Amino acid sequence: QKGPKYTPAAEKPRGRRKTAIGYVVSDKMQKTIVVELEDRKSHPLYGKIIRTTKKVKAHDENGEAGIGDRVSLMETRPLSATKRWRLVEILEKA
Amino acid sequence: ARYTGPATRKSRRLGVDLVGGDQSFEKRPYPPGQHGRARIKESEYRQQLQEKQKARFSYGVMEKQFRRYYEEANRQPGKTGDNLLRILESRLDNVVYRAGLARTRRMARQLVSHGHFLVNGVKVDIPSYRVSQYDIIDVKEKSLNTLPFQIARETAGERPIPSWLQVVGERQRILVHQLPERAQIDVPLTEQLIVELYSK
Amino acid sequence: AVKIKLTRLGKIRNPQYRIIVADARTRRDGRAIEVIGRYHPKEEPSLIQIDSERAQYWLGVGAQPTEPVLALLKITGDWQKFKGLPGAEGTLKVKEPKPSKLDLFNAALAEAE
Amino acid sequence: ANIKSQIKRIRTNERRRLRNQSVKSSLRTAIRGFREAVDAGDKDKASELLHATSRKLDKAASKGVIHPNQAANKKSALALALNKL
RNA sequence: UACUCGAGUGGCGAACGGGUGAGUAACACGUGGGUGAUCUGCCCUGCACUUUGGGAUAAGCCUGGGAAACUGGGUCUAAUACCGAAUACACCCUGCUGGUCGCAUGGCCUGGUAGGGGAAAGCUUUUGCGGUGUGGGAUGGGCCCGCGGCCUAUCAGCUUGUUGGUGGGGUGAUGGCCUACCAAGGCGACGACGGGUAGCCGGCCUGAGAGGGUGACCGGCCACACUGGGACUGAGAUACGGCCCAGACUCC
């Protein structure tokens, strides 16, 4: 009665990462762009639907995105300070 | 703590005879004091207050206990007044008085307090014990032969017992079916005012 | 080390324990991982109840019972199931059932009449 | 230092710090030797002593003086520098 | 004598448990995610082992310095204390190279191959306990993020490692975390930067409810240990009953 020497690792579903859609308003850095996100949150008390804007700094290696483009992003591990986002593909150019 | 003061006094003030068979109420139906003869202005608070006074001073419960009972009954799904009266009629002292072994509620209170009774074989000497369904109430041997208990049990031809209580044996055994409903409590006075006072 | 413990509950005079799985560094009344059973020593047969499946899983993982927990496990046969010496023997002495209130009701009716 | 075992711990800690300090300084000296040799630019010597410094990194991580991952990082940087130069 | 055991060397513990709410308006807390960016002693379960050599010292004995605290020298001894080497090829690097999944760096197939390398320890005969490398669990963490919960423009501009890029350094890990160069950026009326106050929550009190107030007990996190800095040992350190320095205070 002798068993295997190596036990395979356990299978885990690889994690879901947040996705973001937005407009590029500052393509003026090196390899990094600044993009806002839209959301519709109901006011905690009054209940009126309120839109707010959040600026986000992403990293694009090739510098392929111009200023004012509808873009998609995903969450990433920190690449620098203030940089937790990445450019995947320029969804709609303008 | 119990109340020890005179009993016909509170019936006098409250306008309703509580013990039932005394002569003092009839020979003095008016409220006590120097100015018990004075004409009194009417007030809804006076009505609701005196109603509670009749209920509590008929049953013996104190204000904190009665308020807790009211909160319990209001929490209960039934109508608040009905739940009130059935809870206050589930007390051991009231059950004993109703079964006839006590000539009065004070009799029942003291006779339960001194541990002359036992429910389901356990020596229960507390008056505020609430009788549940299917309880068998018996007496202990030392109290079975004692002179006043014997007198009361042998001469027991007074007021009839209700349906849910039933005395069955010469040993003065008590047995209960169900918690009473508003027809079977059949104590005087009214419940709506009791409820409104605490709803204030 | 992850261990299987007991935690105090209940009032001053009568302790009532939960068979619990926690880390050794946690405090007795601290946070728990899984409530596995219970133990009331204040009763004549000393009520004991335990989830056999979760007990077996945790033991297989590597949990280490404390002495009272091991005694309980031996009583309920889950330790014996895990190891395999006698086999899963139920040594539990269940609470003696109490005669029904309605049955005493009818018996009293019959005796008095 | 009020309790007995903790005084004993003071003594043992001083001893352990002396030992670890010696080992760390030896590793540091060997790394500096390599760095100077490669910045000078002699691939032969760089290799012959890179082997030695790598052994020292591994057998210093083997005593618990430094973490295995740190030893791996240092070997990686060392070999990358030599290979590139 | 070794039943037994003062002091001593060596392991493990001492980072848990217990206390307080000073500080902190902050990823500190609550909730929900990520880690293809990560560590984890003791516990459980597989695989492979556990070879050979060596110097010294505490304790003891002799002696000195000191009021004390403590401490210097000689001589002497042991180990699961310390230090060499052989093997590991499951591990770590470097080079070449295949397949596959992607969420881009990239991951996974103990991929294949070539080169270099990485350890161990014995005691006890009694329900017998240990040691090393490595695969996998469980546990306990670290780091990053969305959203949420105070007052005050009679506080409008703030920021120069500050924002970003490359090479090096560092860490368990990514990252201006640090550094050299280059670009001149980054945050702000959806209130930056200031000022005041305050541990946060599960919960508690009130109220028909929404809401208002609050954070007593019990429970989970966080911060701190006379004040202010610092690192060492360690799997793990705000190290309350540890160390070093500078202070205020008490004592010899």
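Going down the list, the sequences are from chains A, B, C and D. Residue 34 in full-length UniProt numbering is what sits at position 31 of the first sequence, and the numbering runs on without skipping anything. Residue 43 in full-length UniProt numbering is what sits at position 42 of the second sequence, and the numbering runs on without skipping anything. Residue 54 in full-length UniProt numbering is what sits at position 53 of the third sequence, and the numbering runs on without skipping anything. Residue 36 in full-length UniProt numbering is what sits at position 35 of the fourth sequence, and the numbering runs on without skipping anything. Using N, Cα and C, we set each Cβ at its ideal position, and we do this for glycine too.
Find the residues of chain B that neighbour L105(C), judging by a C-beta separation of less than 8 Å, and give them in chain order. By 1-based counting over the third sequence, the position of residue 105(C) is 104. What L105(C) touches in chain B: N121, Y135 and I137.
In terms of residue numbering, what span does the alpha helix (DSSP H) encompassing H52(D) cover? Residue mapping note: residue 52(D) aligns to position 51 of the fourth sequence, counting from 1. Residue range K44 to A62 is occupied by the alpha helix (DSSP H) that includes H52(D).
Buried or exposed (CB count within 10 angstroms, at least 16 for buried), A39(B): As a working note, residue 39(B) is residue 38 in the second sequence. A39(B) is exposed by the Cβ-count criterion.
Just to confirm the assignment, what range does the beta strand (DSSP E) spanning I127(B) have? On the second sequence, position 126 is the one that residue 127(B) refers to. Neither: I127(B) is in no beta strand (DSSP E) and is coded neither H nor E.
Could you check if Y49(A) is buried or exposed, using at least 16 other CB atoms within 10 Å of its CB as the buried criterion? Position 46 of the first sequence holds residue 49(A). Flag for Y49(A) reads exposed.
Contact check, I93(A) vs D30(A), beta carbons under 8 Å: Here residue 93(A) refers to the residue found at position 90 when the first sequence is read from its first residue. Here residue 30(A) refers to the residue found at position 27 when the first sequence is read from its first residue. No, the pair does not count as a contact, with Cβ atoms beyond the cut-off.
Less than 6 Å between C-beta atoms, sequence neighbours within five positions excluded: which residues of the same chain meet that for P181(B)? On the second sequence, position 180 is the one that residue 181(B) refers to. Excluding positions up to five away in sequence, the list reads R87, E90 and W165.
DSSP puts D30(A) in a beta bridge; with which residues? Within the first sequence, residue 30(A) is the residue found at index 27, counting from 1. Looking at the DSSP assignment, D30(A) forms no beta bridge with any residue, so it has no partner.
Which residues of chain B have a Cβ atom closer than 9 Å to the Cβ of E45(C), listed in chain order? For this step, residue 45(C) is matched to residue 44 along the third sequence. None at all; the shortest Cβ gap to chain B is about 16 Å.
Are the C-beta of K102(C) and some C-beta of chain B separated by less than 8 Å? Reading the third sequence from its first residue, position 101 is the one you call residue 102(C). True, the Cβ-Cβ gap to chain B drops below 8 Å.
Round the Cβ separation of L19(B) and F58(B) to the nearest angstrom and send it over; I've been treating them as touching at under 8 Å. Counting from one through the second sequence, the residue named residue 19(B) turns up at place 18. Counting from one through the second sequence, the residue named residue 58(B) turns up at place 57. The beta carbons of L19(B) and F58(B) sit about 7 Å from each other, so the pair counts as a contact at 8 Å.
Beta carbon of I37(C) nearer than 8 Å to that of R55(C): Indexing the third sequence from 1 puts residue 37(C) at position 36. Indexing the third sequence from 1 puts residue 55(C) at position 54. Yes, they are a contact pair.
For a contact defined as C-beta to C-beta under 9 Å, what are the partners of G170(B) on chain C? If you number the second sequence from 1, residue 170(B) lands on position 169. Chain C residues near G170(B): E112, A113 and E114.
Would you say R154(B) lies against chain C (beta-carbon separation less than 8 Å)? As a working mapping, residue 154(B) is identified with position 153 in the second sequence. Output row for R154(B): interface = no.
Take every Cβ of the segment 126-143 of chain B, pair it with every Cβ of the segment 92-99 of chain B, and state whether three or more of those distances are shorter than 8 Å. Judged by pairs of C-beta atoms under 8 Å, the segment 126-143 of chain B touches the segment 92-99 of chain B, as three or more such pairs exist.
In chain C, which residues lie with their C-beta within 9 Å of the C-beta of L176(B)? Looking up residue 176(B) in the second sequence gives position 175. Near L176(B) (Cβ distances below 9 Å), the residues of chain C are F106, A109, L110 and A113.
Taking the Cβ atom as the reference point for each residue, do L105(C) and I175(B) lie within a distance shorter than 8 Å? Here the question's residue 105(C) lines up with position 104 in the third sequence. Here the question's residue 175(B) lines up with position 174 in the second sequence. No, the Cβ-Cβ distance between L105(C) and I175(B) is not below 8 Å.
Note down, in chain order, each residue of its chain lying with its Cβ closer than 8 Å to the Cβ of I8(D), except the 5 sequence neighbours on either side. Against the fourth sequence, residue 8(D) aligns to sequence position 7. Only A2 meet the Cβ criterion.
So, do the segment 52-61 of chain A and the segment 32-39 of chain A have three or more beta carbon pairs nearer to each other than 8 Å? Flag = yes, the segment 52-61 of chain A and the segment 32-39 of chain A touch.
Let me know if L112(B) comes out buried or exposed under the rule of 16 or more other beta-carbons within 10 Å of its beta-carbon. The residue labelled residue 112(B) in the question sits at position 111 within the second sequence. That one is buried.
Relative to the C-alpha of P189(B), which residue among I41(B), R3(B) and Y60(B) is closest? Within the second sequence, residue 189(B) is the residue found at index 188, counting from 1. Of the residues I41(B), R3(B) and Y60(B), the one whose Cα lies closest to the Cα of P189(B) is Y60(B).
For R19(C) versus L7(C), is the C-beta spacing smaller than 8 Å? Residue numbering aside, residue 19(C) sits at position 18 when the third sequence is read from its first letter. Residue numbering aside, residue 7(C) sits at position 6 when the third sequence is read from its first letter. A distance below 8 Å separates the beta carbons of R19(C) and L7(C).
For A113(C), tell me which candidate among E197(B), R29(B) and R172(B) has the shortest Cα-Cα distance. Here residue 113(C) refers to the residue found at position 112 of the third sequence. Ranking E197(B), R29(B) and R172(B) by Cα distance to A113(C) puts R172(B) first.
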